[PDB]
């Protein structure tokens, strides 16, 4: 499969990395077309522990299977090819040439209300289609939303995703602590807690919507545990110079993702019916 991979593609420059991966631009030899390959080291560079190797191999098998499930959506990355050797996995994808939403937010500082509107509608439609399949992404954040050549977003990174059976609940904690829903944190501090569902994605959506308009996240503290209490209490504001220029309509939408009790939180469908997206009914 390594021969298979290097037999069919010429590897190019690094585009990004993760704890146990490297993503590169690569050229398909037969077509001369360009792709992005995510290279996952299941061994972890000679340092994990046999058990973990099989936790990482079944992790990426879960990832590939979630990707085959969501294929075809216009705003979701397309897995085009996969190769598997004893240590490495190779996921071949369409090449997103305008990088991350993160990188784009870094250079613009903040995004206007109309640009945020366009991005958020595209993401909510994505999330809506995931949730109908009962898929929870669990890593929604600006680094995992990419931009193609016309600046339309492409949801990517399904490495923590899962399909749920009817009424099932999750318990493991994964994802970036600034984007983590409260019920996840709660769950990590109580064995008796019910577990969390699809709604964690609607919290993250809230932190992303907020952050594109403010240029900074709604819940931060240099000391993690105090940041987590802020999140668990849902203690944030539309403040200082930061929110002065925006409508009341956007802020109302945001505050409806940013609700602690999951039951009371907006769903992807509720968010698309808000007045904020109804200008042209």
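Numbering follows the first chain given and starts at 1.
Trainee: Could you check which stretch, 230-238 or 43-51, carries the larger mean CA temperature factor in the entry?
Mentor: Per the PDB entry, the higher value belongs to 43-51.
Trainee: Quick check on the record: does 252-260 or 239-247 carry the larger mean Cα temperature factor?
Mentor: Mean CA B-factor is higher for 239-247.
Trainee: Out of 110, 205, 78, 192, which residue has the highest Cα temperature factor in the PDB record?
Mentor: That would be 192, according to the entry.
Trainee: Which of these has the highest Cα B-factor in the record: 168, 139, 100, 84?
Mentor: Comparing C-alpha B-factors across 168, 139, 100, 84, the maximum falls on 84.
Trainee: Lowest, middle or highest third of the chain for the C-alpha temperature factor of residue 144?
Mentor: Its C-alpha B-factor belongs to the lowest third of this chain's values.
Trainee: Relative to the other modelled residues of the same chain, rank the CA B-factor of residue 127 and answer lowest, middle or highest third.
Mentor: According to the entry, residue 127 has a C-alpha B-factor in the chain's lowest third.
Trainee: Going by the recorded CA B-factors, say which third of the chain residue 186 sits in, lowest, middle or highest.
Mentor: Tercile = highest for this residue's CA B-factor.
Trainee: Relative to the other modelled residues in the chain, which third contains the C-alpha temperature factor of residue 179: lowest, middle or highest?
Mentor: Residue 179: CA B-factor falls in the middle third of its chain.
Trainee: Quick check on the deposited entry: does the C-alpha B-factor of residue 93 sit in the lowest, middle or highest third of its chain?
Mentor: Lowest third.
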